[PDB]
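# Observations on the three-dimensional arrangement
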Amino acid sequence: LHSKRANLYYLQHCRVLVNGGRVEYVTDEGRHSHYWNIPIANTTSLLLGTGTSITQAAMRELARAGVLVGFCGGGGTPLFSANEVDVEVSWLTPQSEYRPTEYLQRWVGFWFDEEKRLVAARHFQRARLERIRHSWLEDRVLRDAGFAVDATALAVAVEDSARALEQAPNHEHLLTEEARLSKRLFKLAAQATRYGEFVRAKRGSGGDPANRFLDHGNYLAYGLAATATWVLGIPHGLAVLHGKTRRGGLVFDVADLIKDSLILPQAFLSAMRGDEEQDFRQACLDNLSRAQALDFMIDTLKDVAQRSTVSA
Amino acid sequence: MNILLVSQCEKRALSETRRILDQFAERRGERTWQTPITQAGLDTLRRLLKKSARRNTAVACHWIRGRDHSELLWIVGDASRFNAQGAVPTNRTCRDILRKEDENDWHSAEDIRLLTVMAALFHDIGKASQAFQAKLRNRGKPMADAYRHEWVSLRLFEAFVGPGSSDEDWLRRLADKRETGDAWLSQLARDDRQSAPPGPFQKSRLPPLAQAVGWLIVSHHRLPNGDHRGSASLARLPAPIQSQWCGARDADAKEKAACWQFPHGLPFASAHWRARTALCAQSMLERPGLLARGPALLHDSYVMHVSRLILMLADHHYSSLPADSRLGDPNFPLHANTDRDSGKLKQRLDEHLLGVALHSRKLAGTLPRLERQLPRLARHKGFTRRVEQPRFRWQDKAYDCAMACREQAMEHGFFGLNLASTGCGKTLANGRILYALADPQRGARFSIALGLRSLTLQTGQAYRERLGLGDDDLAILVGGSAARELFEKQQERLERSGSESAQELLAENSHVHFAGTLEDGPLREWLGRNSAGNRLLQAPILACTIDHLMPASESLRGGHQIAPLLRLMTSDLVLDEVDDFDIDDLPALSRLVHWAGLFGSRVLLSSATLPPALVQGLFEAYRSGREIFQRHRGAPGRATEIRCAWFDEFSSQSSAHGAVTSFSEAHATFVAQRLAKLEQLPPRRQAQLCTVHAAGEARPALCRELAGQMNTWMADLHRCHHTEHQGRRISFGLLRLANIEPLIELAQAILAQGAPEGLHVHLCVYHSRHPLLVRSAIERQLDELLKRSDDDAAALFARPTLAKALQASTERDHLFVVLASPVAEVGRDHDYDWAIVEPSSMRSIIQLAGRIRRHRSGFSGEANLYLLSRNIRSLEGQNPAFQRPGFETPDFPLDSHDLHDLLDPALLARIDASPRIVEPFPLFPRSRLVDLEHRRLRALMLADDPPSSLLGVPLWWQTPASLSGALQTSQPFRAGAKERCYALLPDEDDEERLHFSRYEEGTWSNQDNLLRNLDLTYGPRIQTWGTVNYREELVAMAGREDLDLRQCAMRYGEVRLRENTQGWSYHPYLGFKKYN
Amino acid sequence: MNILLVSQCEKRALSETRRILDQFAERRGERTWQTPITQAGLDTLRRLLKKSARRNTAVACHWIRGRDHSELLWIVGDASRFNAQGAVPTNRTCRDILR
DNA sequence: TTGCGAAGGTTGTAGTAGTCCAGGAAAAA
DNA sequence: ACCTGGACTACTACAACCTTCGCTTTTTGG
């Protein structure tokens, strides 16, 4: 169960089939695998990972019960394909088991008001600058990891960014402040890791291990955010901070919440230890799971809409 | 036009095609060509490639018709190297990767499992009552319990659930293991009180699933059967069930009070019982959407009846197993049943419930595997070999049509007909057609049922010979069905111990003659290692009588419907000579056909005199059954289009139908075509009306006069027809009659009178009152000695018995006669030079007519089939006359019994099935025999005014009438005077002493007082032929069967008779003759 | 436009070209593909084939321009297998025969 | 009673070309 | 010192079947 709120399960090394009107999993560990304790009801969703297959009859039964289905990648990220969630309105009232969502209405209810979009961007930036502190300071596991974070410089940069963010009149100023904070955090981590001078090459052209690690962590985080928006039911195009033209804006906006706080340390740690790709991927997944990122992304996304409707 | 040609040949074929093609196109690849060619070039290329092609040739031509479009023109040679579009596979392999055996399509297996398991855990709970325990411990005289234990169990369950509550309420309550307490027994509405409380099945008393479980709980020993029969309340079933329906015997108030007492609590105390019940309730709660299915499940016959079958089988198996201390509380005081021998307590109640539930759970997952693991007949060359005789080509045509229609029949159903006229050997046609339908990879299974009361062994072996199947592939179910009341007395005696589930599935008399594999039975565990049931189930092909399968739906008590029902589910069905049934037994046949269609079988009637009304009714019943089945099997949503077919010796057709009207239209068209084709044949028989002369109605003198006239008829008709060889003339006769007593009286009279001048007569009495082994021997001899052909005078005269008879004779003319009974109508492939037929019904007249000159062509144009103007019953002044057998009834009287007026004179010159297979318009029921029969069939089968019943057959599937045994009583099967089984048994210590003993409840009691000897007198130039030595025949049969002589006489020497106070008289040549 | 592709590849190159071409067309034979396609997709096909080609690769593409007329578009790898028009030799022999 | 696809090794077959020897043909309207 | 067909003889390319074994994918303009 990736998230307690979402009620989302992950399946691997298993064949899903039906025997006498009931969906059955066949996997090593026989009739003791804990896949038999998965409530099949309106309040469940299934994600199938590595080494898995699903029969047509099984998905007929799942549709009869009202369970969404999706095919994810190794470990839970990225998302390849899945079902779609319908909207809930006074009209458009079909008879089906699937439970519809309501957040698209509330989201669209303010996305057309520029100032409300500004408020939302402020909330996103505030969440990111908040989580950066916890990740970079409180983590005892990270402290034992080896990369040494100087409290003074990080506090100075976080306070400066907070002051700058509170005083951004238009979107472009907010983007400039974001870039400044990102560059400063990059520099601080580079100094902490002793890696030396580092940059964020365009096109992913950077040949240094740090570049590859950063790209891979980015890819994983984007996958996770895609899962988040799909679970909630909002579309990808309806960006909040990015420009209205840039496709997939909302995925990157939500992904940024955890990227600079989770991916950044791990890439430098791996480069210092000079580990291979598989171990780095496993480490990133483990850290994401422990930090319980997906829950935080979902909670923030609901909170924005709640505040927008309350202030209405 | 420009085209693309690709080759996929191999070996030498490759070089040839390369040579042929390289003349027309430039080589674009090792196996590809492409060039612009004209149409003529393409046609000649196709011709050339066709001419020299081999087995390994596969060439495809594609046309680039225009823009973004190209089509496949043709494929020369093997078509398995390409698909429809002309693509080719990329890879190949043998290891299965689809692995499609893991997933089955029993879409309701889980619901059945849950309902059964819950029903099992509660079914025998009523055995905790103090009265039951006292009876268990009581050794003295037994008193029948005032209430059946199943009714007590139902009342306890109703009290627990709590009236008026929704399902979730009691489900949750039961599932909560912590909850315990006897505070819910205050609602036990006892039925001993002065005011009778409302029935548990009423609308306000139980929720749907509660009633579904309760029905299985209460109906696990016998179906409910009250006295009400109003169709209005039938459609409201199971509501009107009340304590009386379930055999609530009348007793005194003390016993009634004593039944409703539970001094020792309930099984709820046991920890294992409670845990298992909680688990089952939790599972039944978690299943998606089961709660909202309650009402639909309650009124569904397939689910409820499969569940009841499973429960009955599991209960029967476990009740026989010995005690086991591993299950339940080791020190629980209550018990379920004793031992049958030692009369001591054997099992604990909770242990018994737990064991039955476990077994039901185990079995419910085995049924889906039965079709896959059971034996089958496959790769049988006899059914595949072509036939060279031109008379047997229509069989090949029908066999080809079977393949033509096989695919869609596997998915939608099947309902076949077979109208080939007699003498065409329909048996082989039926075998081949049914085999063709089955998938060649796996094999075939089916069963053949005859409309005969008793099936003699020689008939089964004849079936083997005609099919050409070894003794290792065809089981035979000898004997006939048993009586209902015989099992009662032992059951009441066995009810002392409460082991009513231990009764044998089949009767003791029946034996299955089979010697094939018997060790790898998937159901071996429950049915018994060598009981008759397992042998019946193993055999790929079965031959039996319809009376042996009818218990599938007509059974009212015990578990007699388990084996035939399993047979129906796992195989297919063939009905033979259905119209041989009496009119009032057709409801039962309709119910059997409906259930056969309800469980996935495929029916195929077979006869040559099927009136339209019968066929229409049966098709409607089969379709009604098939519709329900498709809900619970196969891909959901597909339509209901049965795959009908018609088959005879002229042509063949097949079409898909889904409504009664379209089927009726197509059938009418086919029968009209058949009549048109049939009319052109040349006749082989010329009937005639003969006027009997009667002075007095006394049976003896009447028989004397009849024999006197018959002798003259014999002389004249033998003069007319005869076969000569070296100056000697012989002939084969047939004297059919209606009833056995007049038959034997006529036989005695003719024996006394003697043959006419210049003629010698051989007589061979043959009816159904002989001992079964003797009858089989007689039938064997007759079948051997009555095969005819063309220009076979020398061959026939070369036969041993004929040569012996003739050698010791001084006359020049001899007469051989078969004074048969109606038994000669069915299954006898004989041939007679002539016949004299007593009139009872049109079917009899046609069927007997088909015998004459069955195998010998040509015809002298002389009359060779007399007919009595009036039947014997008329001569005795009996009204109605055409009855037993016959159709005349008080509701359908006939003005004049004389045959001169009841039969069209045109039909005399040509007698066939034309008058029967079509319904004339207008109908004249008071003048014409066929009119009367068609009227009765139309009235009963399909019309809504069935005589004397007013209960339309469609009630069986228009109302939930199968939940209660009501229809089985208002329209019984083979009803009438009860019959008893007798036998000639040698004395235990003196084999030379034969005793006339009656069959008592599992013991034979001597009844030598009832028997008496009768003497015979003979005349001139008269002798018998075809007779049998009873003692020698019995010894021979025992020797062949490697059995004790007494046991063999017990098994095979059975004979049935109607009760008579004064007994009978016996003679080895006449059988049993009633005495007064 | 509809095209016809013939593969003369050899040894390892055979598996690679079979892998690449199978994404775009159905197989009409052991070494033949044929389906309609647009110019952009065809250019992508050619580029992908060129990128990972080996010494043994040999692929040819024909275009059915219209009625009773066809053209050869390109060849990737060794052009020794095909002649100028795109046909293929029926047999080979090391023994000199021309003399 | 127990996933899924890839890589390496082993086993079997069809298909290609070289060698040498022998015969040298086509049947209307 | 002519020119094809056939039978016979090597002798390689293909293809599938049997064992282990890791489980990613560049991921960039978003």
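In case you missed it, the structure is sitting above this.
Reading the values: rules and limits
- Residues numbered from 1 in each chain as written, not as in the entry; some residues may be left out.
- Chains lettered and ligands numbered in written order.
- Part of a larger assembly, values for the part shown.
- Heavy atoms only, no water.
- Residues with missing side-chain atoms left out of burial classes, pairs and counts.
- Helix = DSSP H or I, 4+ residues; strand = E, 2+ residues; numbered from the N terminus.
- Contact = heavy atoms within 4.5 Å.
- Pairing = 2+ DSSP bridges.
- Axes fitted to C-alpha atoms, helices over the stretch in contact; angles between N-to-C directions.
- Near = heavy atom within 4 Å.
- Polar contact = N/O pair within 3.5 Å; in protein donor to acceptor, adjacent residues only side chain to side chain.
- Nonpolar A, V, L, I, M, F, W, Y, C, P; charged D, E, K, R; others polar.
- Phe/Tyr/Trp six-rings, centres within 6.5 Å; stacked < 30°, edge-to-face > 60°.
- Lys NZ or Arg CZ within 6 Å of the ring centre and 35° of its normal.

Moving on: the overall build of chain C. Helix and strand content of chain C: two helices and five strands. For chain C, the sequential pattern of α-helices and β-strands runs β-α-β-β-α-β-β. Dimensions of chain C, computed from C-alpha atoms along their principal axes, come out at roughly 50 × 35 × 20 Å. In chain C, of all internal contacts separated by at least 6 residues, the share reaching a separation of at least 24 is 52%.

Further remarks concern the sheet that holds strand β26 (residues 1022–1024) of chain B. Residues and elements named next belong to chain B. The five strands lie next to each other as β17-β18-β20-β19-β26, forming an open sheet whose pairing is mixed. For this open sheet the edge positions go to β17 (723–725) and β26, each flanked by a neighbour on one side alone. Ignoring strand direction, the axes of neighbouring strands in this sheet form an average angle of 25°.

All right, on to the protein's contact with DNA strand D then. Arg-15 of chain A, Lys-11 of chain B together with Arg-92, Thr-93 and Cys-94 of chain C are the nearest of the 18 residues found near DNA strand D. Of what DNA strand D places within 4 Å of the protein, 84% of the atoms are sugar or phosphate. The separation between a phosphate oxygen of DNA strand D and a polar side-chain atom of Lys-11 of chain B is 2.6 Å. One of the side-chain N or O atoms of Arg-99 of chain B is found 3.3 Å from a phosphate oxygen in DNA strand D. By residue class, the composition of the surface near DNA strand D is two nonpolar, eight polar and eight charged.

Moving on, we come to the sheet that holds strand β8 (residues 415–416) of chain B. Residues and elements named next belong to chain B. Spatial ordering of the open sheet is given by β14-β8-β15-β16, a layout of four strands whose pairing is mixed. Two strands lie at the open edges of the sheet, namely β14 (603–604) and β16 (652–657), each paired on one side alone. Sheet analysis places strand β15 (residues 642–647) next to β16, joined by six bridges and oriented antiparallel. The residue bridging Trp-646 from the neighbouring strand is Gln-653, located in β16. Along the sheet face, helix α27 (residues 660–678) touches β8, β15 and β16 and points at about 15° away from the line of β15.

Residues and elements named next belong to chain B. Applying the stated criterion across every chain yields a total of 36 aromatic pairs over all chains. Linked through ring pairs, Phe-122, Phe-157, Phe-160, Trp-170, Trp-184, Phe-268 and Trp-273 together constitute an aromatic cluster. In this arrangement the basic side chain of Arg-466 is found over the ring face of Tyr-463, its NZ or CZ atom lying 5.0 Å from the centre. The ring of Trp-956 has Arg-591 sitting right over it, with the charged end atom 5.6 Å from the ring centre.

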